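Every residue, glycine among them, receives a Cβ derived from its backbone with ideal geometry; neighbour counts consider all protein chains shown. No value in this document is a laboratory result; all are computed from the given coordinates.
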Amino acid sequence: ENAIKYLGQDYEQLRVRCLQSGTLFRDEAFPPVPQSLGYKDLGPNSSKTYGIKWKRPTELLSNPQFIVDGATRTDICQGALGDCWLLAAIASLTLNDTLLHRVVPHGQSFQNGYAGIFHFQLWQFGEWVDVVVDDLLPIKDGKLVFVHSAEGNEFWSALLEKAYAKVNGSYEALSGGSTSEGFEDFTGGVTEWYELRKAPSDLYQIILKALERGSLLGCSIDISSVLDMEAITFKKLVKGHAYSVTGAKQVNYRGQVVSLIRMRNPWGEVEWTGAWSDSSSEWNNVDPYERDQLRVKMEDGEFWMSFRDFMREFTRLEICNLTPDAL
Ligand SMILES: *[C@@](O)(C(=O)NC1CC1)[C@H](C[C@@H]1CCCNC1=O)NC(=O)[C@H](CC1CCCCC1)NC(=O)c1cc2ccccc2o1
Ligand SMILES: [Ca+2]
Ligand SMILES: [Ca+2]
């Protein structure tokens, strides 16, 4: 019920100590040094680390905020790191309000009570643990190098990504991964995998129920070989790339009931251009209320597809349920 302290570090104790001492926390466990960034691609002498510096948000802007207009999936915009699986897990997590509020302790701020330390809860090896970080973040050309919010002064997702790097020993360790790991590390649940070509006839209903329960869902397109990793298709889907599944709804359309599914590219941009895409003409033949409820004309990485097209274009689905045997 109460989280174990990762590496014995006590968030409240350290915060109060720094606050009374008039100093900012510096994390001995995960210091702002090259090793923290990485070892090969992000290694000490890699050109990928050119110009990277470590700065706290308070050393960057005037009024840095932890959470702005809520901690939501639009705050998850991938940086220069191969951790799409993890960022898709975070975006999916934001749809489960209870779990989101466990992983991200709200009420942390850069104002009252600030001592340069933040904390997060992660499910690790069968137990919840509390991971602290200092708020030094990798910056290049004045901007965050890795994950960032669409809101430039919002830092909760950057700090959560840093905490996850910390438990993995470096940012580079997060490059290339499996969405199921992030889902489970944020929920304590277990993921079931679906091969779309061989799915049960009621997969759409399974997806609806799972989204309703607050389960976490993701999807992806298989790669044919190494060199079509991250290939962008003609209709602007990305292969070998973790997407969050963020919604589903049936609408009346041309005399039939059509099932739609909504998903989000953790890039926060580059979307499907086919039927039910933000600017597609299908929305012209949908009820004006349902159109207003579902359709958002915004280059934000999130878009709708018909379930038929979803089944045609994507290859895999993952569903991470918290209590799969007790619904
Ligand atoms: C994401 O698409 C991503 O982060 N994209 C932004 C960088 C542009 C990554 C890209 C991947 C990262 C490593 C370097 N080159 C790449 O193409 N894609 C993955 O991480 C991919 C996601 C999974 C999610 C669920 C099934 C589909 C694929 N996973 C891997 O590439 C991967 C996973 C894994 C597990 C163990 C060992 C290696 C390994 O690689
Ligand atoms: Ca926000
Ligand atoms: Ca969109």
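Kindly express, to the nearest 10 degrees and within the range 0 to 90, the angle between helix 11-21's C-alpha long axis and the longest C-alpha principal axis of the chain.
So the helix axis and the longest Cα principal axis differ by about 40 degrees.
What number comes out for the charge environment of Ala163, summing +1 per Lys or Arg and -1 per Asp or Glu over other residues with Cβ under 12 Å away?
Spelling it out: positives minus negatives among the neighbours equals -4.
Within a Cβ distance under 15 Å of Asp69, other residues only, what is the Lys/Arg minus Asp/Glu net charge? Walk me through the intermediate numbers first.
On the way: positive: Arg73; negative: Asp75, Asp97, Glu151, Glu154, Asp300.
Residues near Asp69 contribute -4 overall.
What is the magnitude of the charge dipole of the stretch 10-83 about its Cα centre, with +1 placed on the Cβ of each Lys and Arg, -1 on the Cβ of each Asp and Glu, and no other charges, expressed in debye to the nearest 20? Don't jump to the answer; show the numbers that get you there.
Working: 9 positive and 9 negative charges, 52 e Å.
Dipole magnitude for the stretch 10-83 comes out near 260 debye.
So what is the calculated 222 nm ellipticity per residue for the chain, using -39500 (n - 2.57) for each DSSP H run with n of 4 or more, over all residues, to the nearest 500 deg cm²/dmol?
Values: 9 runs with 79 residues, N = 327.
That comes out to -6500 deg cm²/dmol.
Can you give the local net charge around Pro31? Use residues other than it whose beta-carbon is closer than 15 angstrom to its beta-carbon, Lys and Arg +1, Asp and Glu -1.
Neighbourhood net charge equals +2.
Determine the dipole magnitude for the stretch 28-170: charges of +1 sit on the beta-carbon of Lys and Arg, -1 on that of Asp and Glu, nothing else is charged, the reference point is the Cα centre, and the result goes in debye to the nearest 20. The partial results should precede the final answer.
Details: 11 positive and 15 negative charges, 83 e Å.
Rounded to the nearest 20 debye, it is 400 debye.
Rg(Cα) of the stretch 209-327 divided by 2.2 N^0.38 Å? Working shown, then result.
Working: Rg = 14.9 Å, N = 119, 2.2 N^0.38 = 13.5 Å.
Here the Cα radius of gyration is 1.10 times the empirical estimate.
Semi-axes of the equivalent ellipsoid of the stretch 2-188: what are they in whole Å, largest first, if each equals the square root of 5 times a C-alpha gyration tensor eigenvalue?
21, 21, 17
Which of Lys249, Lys239, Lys198 ends up with the largest GNM mean-square fluctuation for the chain, with Cα atoms connected below 10 Å?
Looking only at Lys249, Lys239, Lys198, the largest GNM fluctuation is found for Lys198.
If the viscosity is 0.890 mPa s and the temperature 25 °C, what Stokes-Einstein diffusion coefficient in µm²/s follows for the chain when Rh is the Kirkwood radius over Cα pairs? Before the final figure, lay out each step's value.
Working: Rh = 20.8 Å.
Result for D is 118 µm²/s.
Each residue of the stretch 54-67 in turn: what ³J(HN,Hα) in whole Hz from Karplus with 6.51, -1.76, 1.60 and θ = phi - 60°, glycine and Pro shown as x?
Values, residue by residue: 10, 9, 7, x, 5, 9, 10, 10, 7, 10, x, 10, 6, 10 Hz.
Work from the charge dipole of the chain (Cβ charges, +1 for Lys and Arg, -1 for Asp and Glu, about the Cα centre) and give the residue of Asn321, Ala158, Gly107 farthest towards its positive end.
Farthest towards the positive pole: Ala158.
Can you tell me the 0 to 90 degree angle between the C-alpha axis of helix 84-93 and the longest principal axis of the chain, rounded to 10?
The helix 84-93 is inclined about 80 degrees to the chain.
Over the chain, with a Gaussian network built from C-alpha contacts below 10 Å, which listed residue (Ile207, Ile261, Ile223) shows the highest mean-square fluctuation?
The residue with the greatest mean-square fluctuation here is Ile223.
Name the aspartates and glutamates eligible as straight-distance cross-link partners of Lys40: C-alpha to C-alpha under 12 Å, and not fewer than 8 places from it in the same chain.
Candidates past the 8-residue exclusion: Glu172.
Just tell me which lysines come within less than 20 Å, Cα to Cα, of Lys249; anything on the same chain fewer than 8 places away is out.
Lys209, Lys297
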